[PDB]
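Each remark here refers to the structure printed beneath this line.
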Amino acid sequence: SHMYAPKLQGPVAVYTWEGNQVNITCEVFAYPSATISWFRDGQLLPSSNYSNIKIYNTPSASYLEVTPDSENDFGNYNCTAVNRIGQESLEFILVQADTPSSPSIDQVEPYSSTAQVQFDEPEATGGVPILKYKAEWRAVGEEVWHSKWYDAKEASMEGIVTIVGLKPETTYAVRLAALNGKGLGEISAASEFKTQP
Amino acid sequence: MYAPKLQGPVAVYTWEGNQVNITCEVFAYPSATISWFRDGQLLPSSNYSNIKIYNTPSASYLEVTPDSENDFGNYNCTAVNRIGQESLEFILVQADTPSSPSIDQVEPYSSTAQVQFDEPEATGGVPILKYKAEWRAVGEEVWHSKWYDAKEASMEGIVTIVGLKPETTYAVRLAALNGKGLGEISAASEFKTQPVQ
């Protein structure tokens, strides 16, 4: 049967935030079967410098499970596979996610004691999924913000969050932020609207 | 706290008897539990010995070894935590062999020729492992052949054929091998070797 040097594939970049496990995928096709080693800065992993790492091997892929603790844990990692015929390496970048960019408020439609805030999702998730939205509102000329959190799926599927407990004939400012696993993102500018009588 | 959010490639490729992992990455707090389904059956099942589940903190992997055409198609990942539930569907695609390479040029010498080609437009979903070239003198019966690791063939998309006779017209054609098997043979390309002196 057909022998060949290992052929590797997997994503270019993998995103996470400090303290959060993520797996880097190294899929391998080789005959005869290959031995897979993971490297960073020339050393086999886990190493002294990169110690927050476990490897999960399966017949079709090796997974490097990395839990970054510091800035230095982000950067390039290498999967190398070796068999009788030769070797191949694939380089991955572990990227530090950002929090999301700001949602944009499109329109606010006030509905006695409530308001429907129509919004556009952040232009950038920061590399990991948006999990929730936070809305904050306050009557114009108050300092204290009221807030409510919304699941990101329900919110994004209609592009609306509904704000509640509003007083009639009152001008409010409302602003919106998106939360991903790393934390809360940039908060939108506040938009003003007035509730009905 | 939020209901689970799930991520992963929609389509996963393999051929009968070959294990592949379907990846379901999960973001949830509190931690979620992933369940897998195939044609309404909750896995693992005595009904499905060709399927193993490999869990890691950040992702569950369904290791499937298709034993028949009936094993391809949809698999569903679901995740549940205290807050809610999410599901993501995957398609396990049966890989094809590669489409045909295309021969662009042959640079002939006297007893050898360099054959330049474009790789198959479609790999069939699993990587190309090797190439097979075949060639035949215009008046002879046998197609001669040679195999090449795609690692070398793929560097320039050039392979060298050898054992040719001078001042002789040949056809050459090429096919690519992947894990599923040997793909479509290219259209033949005509060339003539240089004369002696």
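Backbone-built Cβ (ideal geometry, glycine too); neighbour counts: all protein chains shown. Numbers and lists here come from the model and the stated rules, or from a named source; these are not laboratory values.
Worth pointing out:
- In the stretch B:110-142, the qualifying residues are those that are of a type in the set (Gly, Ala, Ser) and out of contact with any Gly (no Cβ under 9 Å at 6 or more places or on another chain), and the one that is nearest to the other protein chains (Cβ to nearest Cβ) is B:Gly125.
- Every residue from the stretch B:4-27 that is in contact with a strand residue (DSSP E or B) (Cβ under 6 Å, 6 or more places away or on another chain) and among the small types (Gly, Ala, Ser): B:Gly8, B:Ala11
- Answer residue from the stretch A:1-27, given it is surrounded by 16 or more Cβ atoms within 10 Å (Cβ to Cβ) and among the small types (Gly, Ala, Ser) and is nearest to B:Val126 (Cα to Cα) among those: A:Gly10
- For the stretch A:77-101, a residue qualifies if it is surrounded by 15 or more Cβ atoms within 10 Å (Cβ to Cβ), more than 10 Å from chain B (Cβ to nearest Cβ) and of a type in the set (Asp, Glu), and exactly one does: A:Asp98.
- Cβ-Cβ distances below 6 Å connect the following pairs, each with a first residue in the stretch B:144-161 that is closer than 18 Å to B:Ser189 by Cβ and within 12 Å of chain A (Cβ to nearest Cβ), a second residue that is among the hydroxyl-bearing types (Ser, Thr, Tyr) and crowded, with 16+ Cβ neighbours inside 10 Å, and a separation of six or more residues or different chains: B:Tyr148/B:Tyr131; B:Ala153/B:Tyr131.
- Filtered residue count, the stretch B:40-59, keeping only those that are within 14 Å of chain A (Cβ to nearest Cβ) and among the aliphatic types (A, V, I, L, M): 3
- Whether a residue is surrounded by 14 or more Cβ atoms within 10 Å (Cβ to Cβ) and at negative phi was assessed, and B:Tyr148 passes this test.
- Residue within the stretch B:28-44 that is of a type in the set (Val, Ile, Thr), farther than 24 Å from A:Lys54 by Cβ and either surrounded by fewer than 17 Cβ atoms within 10 Å (Cβ to Cβ) or touching a strand residue (DSSP E or B) at 6+ places or on another chain (Cβ under 9 Å) (or both) present: no
- A:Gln116, sole failed condition from (1) in the same structural domain as A:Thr25 (by CATH); (2) touching a residue at least 24 places away in the same chain (Cβ under 8 Å): (1)
- Hits in the stretch B:162-197 (condition: more than 14 Å from every other protein chain (Cβ to nearest Cβ), within 25 Å of the chain's Cα centre (by Cα) and among the hydrophobic types (A, V, I, L, M, F, W, C)): B:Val172, B:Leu174, B:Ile185, B:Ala187, B:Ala188
- Residue in the stretch B:64-76 that is more than 11 Å from every other protein chain (Cβ to nearest Cβ) and of a type in the set (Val, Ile, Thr) present: no
- When the strands (runs of 3 or more DSSP E) confined to the stretch A:1-86 are screened for residues that are farther than 21 Å from B:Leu62 by Cα and without any contact (Cβ under 8 Å) to a residue 24 or more places away in the chain, those reaching at least 1 such residues are found at A:53-58.
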